[PDB]
Amino acid sequence: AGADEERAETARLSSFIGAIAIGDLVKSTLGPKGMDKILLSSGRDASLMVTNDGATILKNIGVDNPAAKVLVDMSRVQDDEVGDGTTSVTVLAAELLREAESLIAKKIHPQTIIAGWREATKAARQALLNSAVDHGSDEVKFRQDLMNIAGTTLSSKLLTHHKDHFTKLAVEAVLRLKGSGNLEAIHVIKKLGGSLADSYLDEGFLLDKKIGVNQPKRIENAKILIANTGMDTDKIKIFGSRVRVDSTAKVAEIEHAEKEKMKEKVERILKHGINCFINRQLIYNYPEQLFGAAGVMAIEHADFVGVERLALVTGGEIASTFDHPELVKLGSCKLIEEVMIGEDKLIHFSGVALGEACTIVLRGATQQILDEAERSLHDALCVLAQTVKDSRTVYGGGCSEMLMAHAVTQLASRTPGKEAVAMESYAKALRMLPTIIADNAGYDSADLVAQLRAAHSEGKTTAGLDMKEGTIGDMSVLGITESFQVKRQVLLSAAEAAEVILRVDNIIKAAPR
Amino acid sequence: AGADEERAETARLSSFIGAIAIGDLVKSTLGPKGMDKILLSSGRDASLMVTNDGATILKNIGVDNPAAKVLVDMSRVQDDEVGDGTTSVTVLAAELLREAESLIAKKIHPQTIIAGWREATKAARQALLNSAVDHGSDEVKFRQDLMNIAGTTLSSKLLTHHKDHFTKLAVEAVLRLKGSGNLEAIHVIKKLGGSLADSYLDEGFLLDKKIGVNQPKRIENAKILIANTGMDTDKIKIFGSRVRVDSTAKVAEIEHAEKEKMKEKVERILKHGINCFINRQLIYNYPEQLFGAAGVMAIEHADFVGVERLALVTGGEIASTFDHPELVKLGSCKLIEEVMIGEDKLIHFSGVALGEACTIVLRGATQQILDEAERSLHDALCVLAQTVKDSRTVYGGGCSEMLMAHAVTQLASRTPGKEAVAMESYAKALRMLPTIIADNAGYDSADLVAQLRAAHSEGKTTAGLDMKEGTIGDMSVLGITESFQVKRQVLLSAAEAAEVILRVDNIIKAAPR
Amino acid sequence: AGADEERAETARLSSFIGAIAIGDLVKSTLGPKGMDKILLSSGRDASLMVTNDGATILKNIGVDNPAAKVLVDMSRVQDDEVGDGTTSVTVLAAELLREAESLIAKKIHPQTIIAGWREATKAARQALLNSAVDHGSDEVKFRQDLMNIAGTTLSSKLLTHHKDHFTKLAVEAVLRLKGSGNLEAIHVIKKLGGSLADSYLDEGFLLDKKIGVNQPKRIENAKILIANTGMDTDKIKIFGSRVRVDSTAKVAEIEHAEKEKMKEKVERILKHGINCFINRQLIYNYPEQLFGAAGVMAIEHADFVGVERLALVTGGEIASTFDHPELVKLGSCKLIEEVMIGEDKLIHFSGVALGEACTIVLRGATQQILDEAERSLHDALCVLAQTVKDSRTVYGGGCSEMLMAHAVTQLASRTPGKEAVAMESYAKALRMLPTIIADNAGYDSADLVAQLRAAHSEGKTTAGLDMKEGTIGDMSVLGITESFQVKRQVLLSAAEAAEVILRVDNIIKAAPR
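Protein chains in written order, with the working numbering: chain L, 1 to 513; chain S, 514 to 1026; chain E, 1027 to 1539.
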């Protein structure tokens, strides 16, 4: 048959090619002047996805045979710890494969060279000494809440002309979120219109459905009903086949039975004073006539994900068969109404007593870039919760990377044996990041490298790459910072994950049969 | 994600080819001396649609592999807030791509060039309150209602022989339309008969269906009935079957049962005085005999879309089972009748109490060009609605474009570094529009550009391109003006769309919102 | 009719293709960090020619049927007038052709776009009065003699690590060469000896030859004899034959006849006082013994090219048979001697009375680069001779081109006619030169262009592109200046040369098509 077999140089080469291919696409993604990439694949993809988050696109697809999918999978676990900000951890790992060329110069004994990873453990340690931090971002926090890392995550994204304002908003969202609750009840949608703020913060939950042309305009002292099962009745598990009833008049009682479903709903409804009904599916027509006259606003086919979020908000409900009304369900009563946002009419749920579950509605120019905000908000909500939880962060704009590079250069000379050659190669890897951040800015990379190394060497952690300036500047004034644990995990994960493939001589596999 | 391997220059090329391909076809369309269009297709299109309206044809079909459909999709967003006058936004976006050829020689960072478009935001902003325009557009209006912009939209259309008269009619339609709601209930049907006027204005809604050969021809103080459920009775999705009866005698009872459905329909139809019945679906034969004697006109398989507009028109009604008559149904009473309009017979609904919903009927010479009128009306309606709310519009015929171009030339040398190269290129883009407008006119474009610039530079905003003359003339007498928001949005939109083209690795198909 | 067809759209393409091919090879050559290129040819080519100078290689070969050879022929006439600096004139004409793709899209009179060249002539006046040049170089001149244009001319050449010192020497050579005297009389040879100076200036003509080990070391009050006919005697017009004589001893008279040949040489020689004899060919041994005893130094197989310059230098002579001596021969008498230069032995002719013929001797490492000095020197001599007599020059480093570019852009929009589209295209041509000078430097081209325009726009003529700096600086401090003739001839010629290529077809002689 033919399971994939590779010999001597080729086995190493397959690993080599996978790392180089990923680096070129990801490099434009890094730092405050990144680029949007879209990709198209065959069926079960439904077309094009545009991702500015490097981890999301790699995780989703196993495009081809060459190994790289496993290296990609690990980055998600990093994401649980913190993840995002900007993607760059993958890029450094790729760089390590290129020096494998110098390895044939030493002619045949790589395992000893593998000591470089042990060396990397030393390189990682001084990255924790060098390249300062911030102090704590202790809790809720006034000014220090944002206008920092979220802005940087956004900076690589172009939407930031007005988006950076949006990013600032997300900290407020995280502050309410924080507690033993963990991550739940956060929903976001973008709306057509035109405002400078480009976003509204809702104390409650936001939907987008209407009962029908008829029904009262507004409800007060509202009671909310949520039903798991649809209002539709007739087909059931077994049809009961084709009926055949002696005579034919009896079939009429079946119609009468339908009336009973109508009647049960009205009797439970009137006593409660029910102001709204939300059903996650198709809704039967008889009920609809009833709701309009009563003065009750109902929702058809509301998405299930929105409903779960809403239950935490209103105190929840049991959600069973039509017995579901009254005390088995809890209703929050502040105010539910249909409100024109500006140009487009939507329905707002607000005034929730609980207060720790909220919905943010975004506004904007109206296009792919606004959907870009969908990309951005998701990153902003998660980053800030982590920043408080970690209690540690590092300076952004590549400030962290150059100082670490200064420390590693002397390491190569200090070690004697097998450790020394490998140690310096790891050290040079850090150099490209300063170059990549500057290049996307629109300024000459050579000049940038020169001034950058000089400032970090002196001992100023705050100083970094300033793209706006065209040279270097004070990162802290900008407010750009990176979460501390993003750096810890990359240092151990980048080294060992890359280490496994260089170390191993082939990939035997197995044929399907 | 990731399948279509195109990179940098080749990737750029696909974007490049899409813009040039669409620019030549739309080029004819922009001025008063535009041309009509003929299209041929296979695969359920059944007929050739003649469309010089660039937006309509571009939306209907995604003809080939190179990307452009998403770019195309966006122009419609422009359309609800305005859309037309003449197409042009697509041309400007395309023109930017061709100088990208000089940028490969440049060989640096595509993104650095992009700063010109952020600069273009300045151009967008300063192209606002800079142009000098007309105010007025009070409300309703005396003689400025039309013979202006609708005529210009039409001029680019082949129909402007008989048709310019048709356009004049459309503003009368918009005057009734003003209020809050913008575009609900506006319907237009082509007529194959011949009239010099070429149009008839109906005070109500136009259909094109008939009950049958028999039935009263005219009804007065008409009551309107709409039923969700069909008149037909028998199978449902649970079968009565094709039943078993013991001695033929009992088959008779089934026949009798049919009579009962007829009885319900006649007994309460009479009390109301029912003059017309409209049902969206198949109608059962028994009632048909009944309606003729009663003096009631019914419509079999009426189209649902017509019905919804009609409901808003009548005052609305609750549609259910045969209980539907009297109060649950609201009937508007004026005049319902079938009137022959010079050729193919139609049914006319008129005298609507609401007044919000109205129908416009067109007549013509009788040809492909006549079907063209359907195409022209859609553009005519949208312009006027925008003209009243904006309260601001700009001089047409390219008057706006030359003035802005003179101002932007100064800007390029004056601005610092990267800004200078970017701004200068944006300024020259405006120059092509004068050339495109002159070329379709029948006069020499080269001569036209120079003469055009001298008048605009001087300070006369009214002066612009006169296509029939072939030289520069006074735009205001001509009546060509463009809505103020057409210019605000195009300026901001053109810069954002061009900017993303260089950045993205691959193009392919639509998905955003 | 069999010869090649090709008209309008097809004919234009052949011209288009020729221009693009030449531009890519020539762009590398321009400026201080330019590059050396070679070509390989077979048949009647004994060498691979490395030509830094664009004009020399283009003239030499007509490789194929496609457009280029006639355009090429024009540059040499320019060389006679001034020629060099850096090769930019061909590049500017080639980029003109790129706008033509836009022109086909334009769809008007292709002939009208021709008016652009007439427009270009107007642009030429723009160049003449919108810039400040230098107002220096009155005659001989102290400091301003060099460290200027020659350095830039040599800038494109690799061997400039020590060469700029040599370039500096070239002006001194022209100072003696200036005046009524002819422009040839200049000889250059590279030596294998090495020193920091790398070159020596001689008072006269340098030659590498020796009679033999015997003969006096130095001659004074020297008289010089040059003979067309060789010293060799025996064969005559018609084979004497393979000849037998009456006796063995009668062959001796034949030997005796040789003695007579000897006797005539000395008799004429002694009276004159003949210090040195130079013969351009083979020399017979018998006279050689005589010269040693007499105290006369002779030269075997002296190269003819050295001799022609020498005749002008000494005063000349009529070179005939041995009737050559006395009055028919003219000889100058300062000093003729052989010293020692580095390794190789050379003979120095110096102190010539005429003074308008002089020799420069170059010393170098050995390799390709020393040969490169031969390329280097040739374009150094020509520049200075033009520089002294013209009484004008322009600022170097591209200072002249950007200022003119600022002046030209306003004019295209302001000037009425077919002129407006045509003139603007000429203006953008100037933009590339700043880019080409910067690109060879290696700095990012866009940043460079942009920064450059702001300083020229301001009004500082001295400011220009400083490659060493990486930005912009004061050109005069560097001292770099360009000959005035290069700017006047290029502007008149470029418009005429550009008009003609579009006008023609096939591109002068080879085979059909």
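Backbone N, C-alpha and C fix where the C-beta goes; we use that ideal spot for every residue, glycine too.
The CB of E/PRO1442 comes closer than 8 Å to the CB of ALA963, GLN964 and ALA967 in chain S, given here in chain order. Across the stretch 609 to 627 of chain S, CB contacts with chain L closer than 7 Å involve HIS622, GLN624 and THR625, in sequence order along the chain.
In the structure shown, L/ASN65 adopts coil according to DSSP, grouped into three states. Of all residues in the stretch 459 to 473 of chain L, only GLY470 come within less than 9 Å of chain E when Cβ atoms are compared, listed by chain position. In terms of beta-carbon proximity, S/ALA954 stays away from the interface with chain E, with every pair separated by 8 Å or more. Contact annotation for L/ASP79 against chain E: no contact, minimum CB-CB distance about 36 Å [criterion: below 8 Å]. In the three-state DSSP reduction, L/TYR395 falls in the strand class (E or B).
Sorting L/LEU158, L/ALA127 and L/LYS168 by C-alpha distance to the C-alpha of L/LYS141 places L/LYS168 at the top.
The C-beta of S/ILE854 comes no closer than 8 Å to any C-beta of chain L. Closest by C-alpha distance to L/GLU300, out of L/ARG309, L/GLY316 and L/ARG280, is L/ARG280. For S/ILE873, no alpha helix (DSSP H) segment is defined; the enclosing uninterrupted segment is the beta strand (DSSP E) at 871 to 875. In the three-state scheme derived from DSSP, where H, G and I count as helix and E and B as strand, L/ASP466 is classed as strand. A Cβ of chain S is located within less than 8 Å of the beta carbon of L/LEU40. When DSSP reads this structure, E/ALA1253 sits in a beta bridge with E/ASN1305.
Residues of chain L with a Cβ closer than 8 Å to the Cβ of S/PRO1025 are, in chain order, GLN367, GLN368 and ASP371. One thing to note: S/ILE993 has its Cβ no nearer than 8 Å to the Cβ of S/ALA968. One Cα belongs to L/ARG143, the other to L/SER476, and the distance between them is close to 13 Å.
About 6 Å separates the Cβ atoms of E/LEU1251 and E/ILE1300, confirming a contact at the 8 Å cut-off.
By the rule that beta-carbons nearer than 8 Å mark a contact, E/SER1439 touches chain S. For the pair L/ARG431 and L/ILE437, the Cα-to-Cα distance works out to about 11 Å. Rounded to whole angstroms, the gap between the alpha carbons of S/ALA559 and E/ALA1453 is 53 Å. Two segments are said to touch when three or more pairs of C-beta atoms, one from each, lie closer than 8 Å; by this definition the stretch 1476 to 1495 of chain E does not touch the stretch 1078 to 1085 of chain E. Distance between L/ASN285 and L/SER42, taken at the CA atoms: about 40 Å.
Interface with chain S (8 Å Cβ-Cβ cutoff): E/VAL1434 is excluded. Taking 8 Å as the threshold, the shortest C-beta distance from S/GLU1009 to chain L falls below it. The secondary-structure analysis by DSSP pairs S/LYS858 across a beta bridge with S/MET853. Annotation for L/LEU39: no residue places its beta carbon closer than 6 Å to its own, counting only its chain and skipping 5 residues before and after. Residue nearest to E/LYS1535 within the set E/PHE1330, E/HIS1298, E/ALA1094 and E/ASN1078 is E/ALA1094 (criterion: CA-CA distance).
In the DSSP assignment, E/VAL1214 falls outside any alpha helix (DSSP H) and within the unbroken beta strand (DSSP E) covering 1212 to 1217. Under the three-pair Cβ rule at 8 Å, the stretch 411 to 423 of chain L counts as touching the stretch 117 to 128 of chain L. For S/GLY805, the enclosing alpha helix (DSSP H) starts and ends at 798 to 807. Positions of the alpha helix (DSSP H) runs, each at least 4 residues long and wholly inside the stretch 409 to 470 of chain L, are given as 418 to 441 and 445 to 458 in order along the chain. Close to E/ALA1153, with beta-carbon spacing below 9 Å, lies no residue of chain S; the smallest spacing is near 17 Å. Residue-level contact check: S/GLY877 does not touch chain L, since none of the beta carbons of chain L fall below 8 Å from its beta carbon. Rounded to the nearest whole angstrom, the CA to CA distance from E/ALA1045 to E/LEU1039 is 10 Å. Annotation for E/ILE1534: no alpha helix (DSSP H) segment contains it, and DSSP assigns it neither H nor E.
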